[PDB]
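To start, the structure itself, in structure tokens.
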Amino acid sequence: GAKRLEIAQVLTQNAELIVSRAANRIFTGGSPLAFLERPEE
Amino acid sequence: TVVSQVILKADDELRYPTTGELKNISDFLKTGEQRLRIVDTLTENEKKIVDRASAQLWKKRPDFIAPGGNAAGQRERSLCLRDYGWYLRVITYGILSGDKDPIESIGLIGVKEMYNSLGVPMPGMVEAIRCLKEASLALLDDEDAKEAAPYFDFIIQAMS
Amino acid sequence: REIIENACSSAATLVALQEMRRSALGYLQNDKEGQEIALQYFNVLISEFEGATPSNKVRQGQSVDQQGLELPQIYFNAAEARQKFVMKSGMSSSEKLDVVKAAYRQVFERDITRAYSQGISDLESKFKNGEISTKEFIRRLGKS
Amino acid sequence: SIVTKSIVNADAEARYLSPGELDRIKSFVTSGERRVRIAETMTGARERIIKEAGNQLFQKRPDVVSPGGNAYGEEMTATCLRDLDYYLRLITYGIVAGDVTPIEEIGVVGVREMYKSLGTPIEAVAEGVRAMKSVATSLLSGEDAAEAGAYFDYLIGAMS
Amino acid sequence: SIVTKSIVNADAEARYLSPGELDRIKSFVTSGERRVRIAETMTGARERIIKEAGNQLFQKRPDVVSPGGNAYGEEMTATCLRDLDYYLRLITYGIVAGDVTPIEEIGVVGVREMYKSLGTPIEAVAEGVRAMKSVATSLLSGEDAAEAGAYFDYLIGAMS
Amino acid sequence: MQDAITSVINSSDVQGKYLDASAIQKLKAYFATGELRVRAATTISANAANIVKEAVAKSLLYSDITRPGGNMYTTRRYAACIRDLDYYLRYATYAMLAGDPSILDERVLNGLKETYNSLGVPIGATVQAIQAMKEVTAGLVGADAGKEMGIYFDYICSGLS
Amino acid sequence: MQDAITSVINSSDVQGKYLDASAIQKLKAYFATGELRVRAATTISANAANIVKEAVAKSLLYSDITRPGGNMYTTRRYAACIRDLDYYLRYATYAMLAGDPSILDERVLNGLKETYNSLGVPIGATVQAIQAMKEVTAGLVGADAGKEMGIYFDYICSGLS
Amino acid sequence: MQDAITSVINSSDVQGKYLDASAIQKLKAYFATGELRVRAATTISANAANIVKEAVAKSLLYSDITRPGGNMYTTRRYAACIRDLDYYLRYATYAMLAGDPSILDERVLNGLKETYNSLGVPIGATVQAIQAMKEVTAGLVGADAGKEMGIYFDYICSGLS
Amino acid sequence: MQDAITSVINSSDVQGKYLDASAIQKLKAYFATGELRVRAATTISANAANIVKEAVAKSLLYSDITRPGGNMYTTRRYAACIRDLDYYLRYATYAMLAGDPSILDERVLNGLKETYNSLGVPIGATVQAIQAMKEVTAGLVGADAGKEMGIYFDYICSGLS
Amino acid sequence: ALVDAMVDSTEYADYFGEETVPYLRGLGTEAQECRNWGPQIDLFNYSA
Amino acid sequence: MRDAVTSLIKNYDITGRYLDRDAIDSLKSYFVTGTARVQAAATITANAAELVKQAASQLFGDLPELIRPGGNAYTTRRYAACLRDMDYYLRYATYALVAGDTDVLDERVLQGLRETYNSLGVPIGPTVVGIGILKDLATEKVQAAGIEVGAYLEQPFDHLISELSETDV
Amino acid sequence: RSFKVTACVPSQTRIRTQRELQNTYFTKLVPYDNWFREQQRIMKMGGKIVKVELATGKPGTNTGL
Ligand SMILES: *[C@H](C)[C@H]1/C(=C/c2[nH]c(/C=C3N=C(/C=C4\NC(=O)C(CC)=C4C)C(C)=C\3CCC(=O)O)c(CCC(=O)O)c2C)NC(=O)[C@@H]1C
Ligand SMILES: *[C@H](C)[C@H]1/C(=C/c2[nH]c(/C=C3N=C(/C=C4\NC(=O)C(CC)=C4C)C(C)=C\3CCC(=O)O)c(CCC(=O)O)c2C)NC(=O)[C@@H]1C
Ligand SMILES: *[C@H](C)[C@H]1/C(=C/c2[nH]c(/C=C3N=C(/C=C4\NC(=O)C(CC)=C4C)C(C)=C\3CCC(=O)O)c(CCC(=O)O)c2C)NC(=O)[C@@H]1C
Ligand SMILES: *[C@H](C)[C@H]1/C(=C/c2[nH]c(/C=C3N=C(/C=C4\NC(=O)C(CC)=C4C)C(C)=C\3CCC(=O)O)c(CCC(=O)O)c2C)NC(=O)[C@@H]1C
Ligand SMILES: CCC1=C(C)/C(=C/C2=NC(=C\c3[nH]c(/C=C4\NC(=O)[C@H](C)[C@H]4CC)c(C)c3CCC(=O)O)/C(CCC(=O)O)=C2C)NC1=O
Ligand SMILES: CCC1=C(C)/C(=C/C2=NC(=C\c3[nH]c(/C=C4\NC(=O)[C@H](C)[C@H]4CC)c(C)c3CCC(=O)O)/C(CCC(=O)O)=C2C)NC1=O
Ligand SMILES: CCC1=C(C)/C(=C/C2=NC(=C\c3[nH]c(/C=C4\NC(=O)[C@H](C)[C@H]4CC)c(C)c3CCC(=O)O)/C(CCC(=O)O)=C2C)NC1=O
Ligand SMILES: CCC1=C(C)/C(=C/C2=NC(=C\c3[nH]c(/C=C4\NC(=O)[C@H](C)[C@H]4CC)c(C)c3CCC(=O)O)/C(CCC(=O)O)=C2C)NC1=O
Ligand SMILES: CCC1=C(C)/C(=C/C2=NC(=C\c3[nH]c(/C=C4\NC(=O)[C@H](C)[C@H]4CC)c(C)c3CCC(=O)O)/C(CCC(=O)O)=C2C)NC1=O
Ligand SMILES: CCC1=C(C)/C(=C/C2=NC(=C\c3[nH]c(/C=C4\NC(=O)[C@H](C)[C@H]4CC)c(C)c3CCC(=O)O)/C(CCC(=O)O)=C2C)NC1=O
């Protein structure tokens, strides 16, 4: 579980970048991550 | 048919079939020659139907014929053209029986997941039967179109 | 996938989730140990989206007045399953004993062999033989 | 009714209303005007049926009327015509409903335990309703007396 | 074994084995060489410790070697050391197996009623195995004593 | 359970072909005799305590069997024997309503031949009671439908013997 | 039932002696091959709805058995022959982690010899189905595990003969 | 039923965001205190007879509840009142390992007010019996996880009275 | 509510008849004992703190129902218990004076068996109290009127048990 | 007769069948009715 | 369960009377609409598996306060359970449409439904909107099917609204 | 009185309800009083009774269960 938290502790701060890697291959006309309605603090 | 609905309905209650279903049995058995006007006009007009619906499917949704699809090869398309007349066979079992008991236990119980065992997806094959209904009901006469239309209509609900 | 088949593209989801997987395991190149953990876990996300839906499991009222119902296969798969203790013939004795533990636990609401030190022992011997079935072992317990 | 029995069977399998029971119900409801002008004539002649089958019973079963039998005395044989008044009244509910679930829930399911607890012979009622059938078939026309006479013939099978 | 409990838990659930519980087999076989070395150091050291801890039970229970005791004479005490040495294979059987049930299916299912026959008390045979687990933990290291000793105080609790 | 409608569905489905002319000549024969079979199933159910009485009062009462010594002496044997003869008649009418003896193959003739020799039940007397119950039923329903039960009454007697 | 760990425990128990030097080398062979089997069983997980697909496509499809008159023609009978094939894969990985044929003599084989003849299932296509399942997973999980996977695959088809 | 994992996930999931750094610090504390209490859970499960024998002797023996007129006077009630105390020991292992006392409230504390009042057992004697187990579970475990036991352990006796 | 005259009116009112010669001797048996019951009540009320004193002295005092492990023990529950025994005696004066137990069945026996299980006081001691009250009373009043007072004592004891 | 009329029912043998133990069928294991939603889980408790 | 015929039976059975003139004309009023009842029930089940899919996408596009993580339709564990729990309201509305009255709805679906949803946290609120979207989306396929429509086929549905939803006024 | 029976009872609902299939062709003693309700139950599922043999009971008594 100490290793399993470290996998989440690499993915949680990298999740905002990883959708911009993901959505940029399936979407063309607009820079999509800005269209993401992220949950606010 | 109506008779296997009644015997399997009167066995576990251990009682003879009462008059509420014996009037219902006799009312079906006077309508055979009315139902036999529908069953042969599906029969000898089979091959007129079977590709008029098959051209109707791929002009509506061409992905099963698109490369990477399902019937992109001819050995799958020869299978898929066969399954229309297989479905035209078992629907005509239902119009003869006047009920669901042949159309259940041949080609409907479990098809939602055993197309998923194969490659063919579910809701495109729902569109195949729905275009097969209008390919048959245009050939049927109008006053007996409304009798055979719920038997095609059940296959749309049970597959989707 | 068969929910979003009308609106979204099914082909666009597979290529998006695959490169979501491949770019995520590229971030795990340093640890060398959890990268094969998430490769097992992202492959569940790819392979479960490969298939279509399973059908809805359906209960049926064998009484005519009790209504039949329906349940999604999803909703049964998420909840925990009750441990169904099937007893067949030539199984081993410790695995034979926790069945006749649970048969007392089902009928008498608690393990009255463990808690009250009592229970008819001739009936278990016909049970552990494979002589009577598990339907009969309930019924001869119910008339005791 | 039949409409309850078609729903309740289709509810147990947890499907929609089949093309089978869509046409049992539609054939029932287009015979709905025919059965009420059967069932009115039973209620329109209820004082004649009870008087004629009361005349027809007691000559067939003189052990009942003779003293020491159950219906003996002018208050007790007035109740046996009232005991048959209910069963004629129930049959008109069964003709309207198209089944015998009005007969079953009201006049069948505890009969032999009740008539043993009252002292009457149970099969002597089964002659009387059979004698009640023989004046009811003389009321109606021929094609309707097979329909309404079956509801009488169900009630004989509940008794004996 | 610890495979066998995890196999039949998946079958009684009718569930496939989830990869959150496949680690218990992977962590087993990494320690499977380590667990054999516990049985390796209880192999050559078995031949001393059984004769010692028989005397420690005689100090705790002097009524055993008393005249009128259950082990009186030579051969009543000679098999009682041998009745204790039956259990010493069983704890080493459970180290390599890794779990409870090879001790259970051999020794502890009928132990409450078989010693009830021949008169040796359960509250006498227990603390000789407590005398066993004291000297068996002396030859082990710190990590080896906590793992191998965990099978003992199960059986102490399974006696009492 | 196979109706004569569903029997020629299944014999056409094992070949995978549509309904031919000679298959339809089984249906249109069966659709012709629909009103006859429904008239018979009413009047049996109105007489099903009397068909079971006049069969045993003709063939089995005052015999060896009702006398002390064999198989219907006690009352619990008599209650079990009238339970069978009621159940044979109730299962014969389904094959009259279906037009196929597959009810009798599935629900009656499965364990019955084995359990009668295993109980010491005389087959030769209970093959006669159903044989005695035929001409009661052929008189009670009319001989047009009386020649209809004779296939399915003696399908029991072909199986039970 | 008996694990290959416990089978040497049970055989040494009826030998009555200690875990001797011959008992170590059989137990060390399971523990040296233990990490293969968990690596084998963790990838039947992600392909459990996939190995059943092409094995049906290798030995069962495009044949007489799916034709009318074939035994899995109707889709009720098609659904059971993927259900009864899904259980034969899941129970065979239980033999993989046990390292025995004995999990499968009695969970699986105890009634299959008589049920398939009673239901009219031809055994001669089922043996071709499991042998189709043997070839596909050895090219899926690797050659060394597929050698070990094919052993208990051979116990269930020869056990079905 | 629920878990400390389910308490940190569903608190993040109905917010819809990812894992908070304060939500990590619950789980970073949770996985650290495993081996300090998994080894405690073996020692608790082994000495379950010695705990219950001691704890019924510290608070319940030689009193009016044992003597006639009390509720442990017959041996049928005395055997139950050991296993009714044994389940609270066993369910305290569950809330220790899950890290959350929500296994108790709807599985062991749900009908606990109903069965105890319908038999009329003194609830004030149970809490005195249960709080006697807090002393004996500390010496078998230690002062570090005796604190970790007693949080989940006093959740039983809080809901009783 | 009603007494021996009102009931025999209400027995003869709902028949619709007048007072016949079959109901006047029900009144004449009441009026013959009319002078007997009024002397019976006037020695009850003069001794009513001593009949309740001597009743508990044979059953409840110096037992262990007034022990600290007991129901009676707090003096709130003592003074209720004398008063809950006062209301059994005072209404038993009334029904003897009325000649009919109907006043007992309205107010004393209203819900008294279902209050006592809801409170937890024992019923088996209460029948021991009133049957100790019966033997004190019949010695004080007289063996004639102690017989008719013993009926209305035991009519409460029939309702409690 | 009551245990004979329930264990031999077709409600029994469809679900449990022949060689398995009866298990109580709570929420999630199959679909549950809405008519008796209240006193079914109350019956499934140990305070039943 | 209890037809409009059989409700009129024990409206007349408990008073012990025969079928009078009011019985013969109220029952004929049911039978003249019976052709319009059955053909409306066919076309309701024409695309009934589609009719729940068009309604709930029109529901959740109208109340997003049930998609984003709030009230319980969040995962497909909830959403496919929501489409099933929607589909009972369509399927039982077919039965009472044929049966005349709403007594099939009274003791199959309505009883316990205030107590099932409260035990789960399912809101009763948008369920009324879910039948209210099925209120008019059932009338469209009756209208496009040429069936006349009216109180019959637009009543079963608000008996699932006026008796399920709690009374405010 | 009780007698053993070999019977193979397929379910015809395990395609729908998706349950764990238990493997039939069993042998069990059914008692004499409870058998014909259980025998009719084999006919409702359409299972085929293979062999019925009287285990204990001595067929032909008038008293003695
Ligand atoms: C298409 C390329 C993209 C896409 C679009 C999309 N999805 C929906 C609807 C839903 N999406 C979900 C999503 C999930 N449910 C889950 O359980 C999980 C795992 C945690 C996910 C990601 C659900 C439940 C719905 C239905 C409810 C809803 O309306 O949101 C729509 C709307 C469809 C419609 O109009 O009816 C669209 C357009 N989905 C993808 O996967 C692509 C990224
Ligand atoms: C009757 C005139 C003859 C006769 C009858 C008899 N039968 C039994 C016992 C049984 N009968 C059955 C019958 C059936 N099982 C079925 O599934 C069907 C198809 C619907 C039938 C007809 C069974 C199962 C039994 C055994 C179980 C039971 O308790 O009944 C008896 C009782 C024998 C005894 O010793 O008690 C009798 C007397 N026997 C005769 O003598 C007549 C020839
Ligand atoms: C004496 C013949 C044997 C013996 C006895 C022994 N008993 C105890 C402790 C208790 N004994 C009881 C007894 C009963 N409870 C019941 O419900 C019944 C039936 C009505 C009986 C007989 C109880 C409740 C206890 C616990 C103490 C208490 O009463 O509160 C001990 C002491 C053990 C201890 O731990 O203190 C002993 C020694 N032992 C023998 O050697 C004799 C064979
Ligand atoms: C979806 C549009 C709405 C919604 C649905 C929702 N329902 C459930 C769970 C259940 N619904 C029922 C209802 C019935 N059962 C019946 O038998 C009948 C009569 C025929 C009805 C009306 C039941 C019993 C359940 C419980 C599960 C089961 O079926 O056994 C859920 C699941 C709750 C969860 O999160 O697990 C959901 C999501 N909820 C909404 O928000 C919409 C308004
Ligand atoms: C008796 C009831 C019953 C039927 C009818 C049935 C049909 C059936 N259809 C099949 C395949 C198929 N079915 C389709 C069909 C389609 N793809 C599309 O895009 C269209 C929507 C649809 C066109 C009609 C295709 C393309 C295949 C070949 C897939 C494959 O086998 O690889 C297969 C597997 C291989 C084969 O035999 O061809 C069967 C058994 N099975 C049954 O049990
Ligand atoms: C592992 C499974 C297993 C069990 C349970 C077992 C029990 C066992 N104990 C026995 C004897 C015995 N065992 C004892 C033992 C003792 N007397 C004492 O006071 C001591 C407390 C105690 C042992 C330290 C005695 C005295 C006998 C002889 C009994 C007699 O002959 O009266 C015997 C008969 C002789 C023999 O075959 O050893 C058996 C079978 N043997 C087994 O293989
Ligand atoms: C040892 C237990 C035993 C019983 C209970 C028994 C009853 C019994 N009574 C019978 C006939 C009969 N039993 C009666 C008796 C009566 N009817 C009346 O009205 C009289 C008041 C009443 C006397 C209680 C009559 C009249 C018959 C002939 C019925 C007929 O032939 O229609 C028969 C049919 C003939 C035969 O095969 O024996 C049996 C089996 N037999 C037995 O072996
Ligand atoms: C876990 C161990 C285990 C296994 C393997 C098992 C199998 C099993 N397969 C069965 C049926 C079946 N099996 C098949 C199988 C086939 N039909 C074909 O055409 C092919 C030749 C073949 C597969 C390649 C079919 C069609 C049925 C249904 C028979 C029927 O419904 O009539 C049945 C009868 C009841 C049922 O339908 O489920 C069992 C019990 N049960 C077990 O407990
Ligand atoms: C899993 C959740 C759960 C638990 C734990 C549970 C316990 C439980 N405790 C019970 C009884 C009991 N419990 C006690 C307990 C005690 N007596 C005392 O004086 C002590 C102070 C106290 C022990 C702490 C006694 C005496 C009985 C027996 C009452 C009787 O049966 O008459 C019974 C009564 C049924 C029977 O007679 O077997 C149950 C079901 N039920 C549950 O559903
Ligand atoms: C005539 C109409 C009438 C009735 C029926 C009546 C009944 C009556 N008896 C009561 C209590 C009581 N009843 C008893 C019972 C007894 N005393 C003992 O100690 C013995 C064990 C036992 C009788 C021998 C006790 C102890 C209480 C007080 C209970 C308590 O305060 O907890 C109470 C509860 C009152 C309270 O506790 O506050 C009522 C209402 N009062 C009335 O006016």
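Heads up, the Cβs are rebuilt from the backbone with ideal geometry, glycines too, and the neighbour counts pull from every protein chain shown. Just so it is clear, none of the values below were taken in a lab; they were calculated from the coordinates.
What the table shows:
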| quantity | calculated |
| --- | --- |
| Matching residues, the stretch H:65-110, being more than 9 Å from ligand 3 (Cβ to nearest atom) and among the polar types (S, T, N, Q) | H:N71, H:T93, H:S102, H:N110 |
| Some residue of the stretch F:32-48 being of a type in the set (S, T, Y), within 16 Å of ligand 5 (Cβ to nearest atom) and more than 22 Å from F:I130 (Cβ to Cβ) | no |
| Every residue from the stretch B:36-53 that is crowded, with 17+ Cβ neighbours inside 10 Å and facing another protein chain (nearest Cβ under 9 Å) | B:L36, B:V39, B:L42 |
| Matching residues in the stretch K:31-85 - criterion: being more than 21 Å from the chain's Cα centre (by Cα) and β-branched (V, I, T) | K:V32, K:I67, K:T75, K:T76 |
| Yes/no for H:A55 being of a type in the set (A, V, I, L, M, F, W, C), in contact (Cβ under 8 Å) with a residue 12 or more places away in the chain and away from ligand 1 (no atom under 16 Å from the Cβ) | yes |
| Filter result for K:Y95 (surrounded by fewer than 21 Cβ atoms within 10 Å (Cβ to Cβ) and more than 16 Å from ligand 6 (Cβ to nearest atom)) | no |
| Hits in the stretch K:37-72 - residues which are within 14 Å of chain H (Cβ to nearest Cβ) and surrounded by fewer than 19 Cβ atoms within 10 Å (Cβ to Cβ) | K:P64, K:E65, K:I67, K:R68, K:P69, K:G70, K:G71, K:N72 |
| Exclusive hit being more than 19 Å from K:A4 (Cβ to Cβ) and either within 14 Å of chain J (Cβ to nearest Cβ) or among the acidic types (D, E) (or both), set K:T127, K:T75 | K:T127 |
| Hits in the stretch E:2-41 - residues which are of a type in the set (S, T, Y), closer than 21 Å to G:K26 by Cα and part of a helix (DSSP H, G or I) | E:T4, E:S27, E:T30, E:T41 |
| Lone qualifier among E:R35, E:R112, E:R48 - being basic (K, R), under 22 Å from the mean Cα position of the chain (by Cα), farther than 30 Å from C:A79 by Cα and surrounded by 15 or more Cβ atoms within 10 Å (Cβ to Cβ) | E:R35 |
| Residue tally, condition among the acidic types (D, E) and within 14 Å of chain L (Cβ to nearest Cβ), over the stretch F:110-144 | 1 |
| Residue selected from the stretch B:54-92 under the condition under 22 Å from B:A148 (Cα atoms), surrounded by fewer than 18 Cβ atoms within 10 Å (Cβ to Cβ) and among the charged types (D, E, K, R), by the criterion farthest from ligand 1 (Cβ to nearest atom) | B:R82 |
| Residue within the stretch E:66-83 that is in contact (Cβ under 8 Å) with a residue 60 or more places away in the chain and surrounded by 15 or more Cβ atoms within 10 Å (Cβ to Cβ) present | no |
| Boolean, C:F85 is of a type in the set (F, W, Y), at the interface with chain J (Cβ under 7 Å from one of its Cβ atoms) and in contact with a helix residue (DSSP H, G or I) (Cβ under 9 Å, 6 or more places away or on another chain) | yes |
| Residue check for I:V141: more than 30 Å from I:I9 (Cβ to Cβ) and either among the β-branched types (V, I, T) or surrounded by 19 or more Cβ atoms within 10 Å (Cβ to Cβ) (or both) | no |
| Residues located in the stretch I:1-55, provided they are of a type in the set (D, E, K, R) and not in a helix (DSSP H, G or I) | I:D3, I:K17, I:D20 |
| Elements of type helices (runs of 4 or more DSSP H) in the stretch C:1-81, at least 1 residues being more than 16 Å from ligand 7 (Cβ to nearest atom), farther than 21 Å from A:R4 by Cβ and within 14 Å of chain J (Cβ to nearest Cβ) | C:73-78 |
| Test set (1) closer than 30 Å to B:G107 by Cβ; (2) away from chain F (no Cβ under 11 Å); (3) in contact with a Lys or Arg (Cβ under 8 Å, 6 or more places away or on another chain) - L:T27 fails condition number | (1) |
| The stretch B:97-110: number of residues that are in a helix (DSSP H, G or I) and within 7 Å of another protein chain (Cβ to nearest Cβ) | 4 |
| Residue match in the stretch H:62-85 (condition: more than 16 Å from ligand 7 (Cβ to nearest atom), more than 14 Å from chain J (Cβ to nearest Cβ), touching a residue at least 60 places away in the same chain (Cβ under 8 Å) and more than 30 Å from H:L27 (Cβ to Cβ)) | yes |
| Boolean, D:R89 is under 15 Å from the mean Cα position of the chain (by Cα), farther than 22 Å from F:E35 by Cα and in a helix (DSSP H, G or I) | yes |
| Residue satisfying condition, being on the phi > 0 side of the Ramachandran plot and of a type outside the set (D, E, K, R), within set I:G99, I:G34, I:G70 | I:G99 |
| Any hit, the stretch E:84-101, residues being within 16 Å of ligand 3 (Cβ to nearest atom) and within 14 Å of chain C (Cβ to nearest Cβ) | no |
| Residue in the stretch H:35-46 that is more than 14 Å from chain J (Cβ to nearest Cβ), among the small types (G, A, S) and in contact with a strand residue (DSSP E or B) (Cβ under 8 Å, 6 or more places away or on another chain) present | no |
| Qualifying helices (runs of 4 or more DSSP H) (wholly inside the stretch K:24-112; at least 2 residues being of a type in the set (D, E) and more than 16 Å from ligand 5 (Cβ to nearest atom)) | K:76-99, K:103-106 |
| Where H:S161 falls short, out of the listed (1) within 23 Å of H:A40 (Cβ to Cβ); (2) free of Cβ contacts under 8 Å to residues at least 60 places away in the same chain | (1) |
| Residue in the stretch L:30-42 that is more than 16 Å from ligand 8 (Cβ to nearest atom), free of Cβ contacts under 8 Å to residues at least 40 places away in the same chain and assigned to a strand (DSSP E or B) present | yes |
| Unique residue being in contact with a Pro (Cβ under 8 Å, 6 or more places away or on another chain) and either assigned to a helix (DSSP H, G or I) or within 16 Å of ligand 10 (Cβ to nearest atom) (or both) when the list is B:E113, B:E127, B:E147, B:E76 | B:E113 |
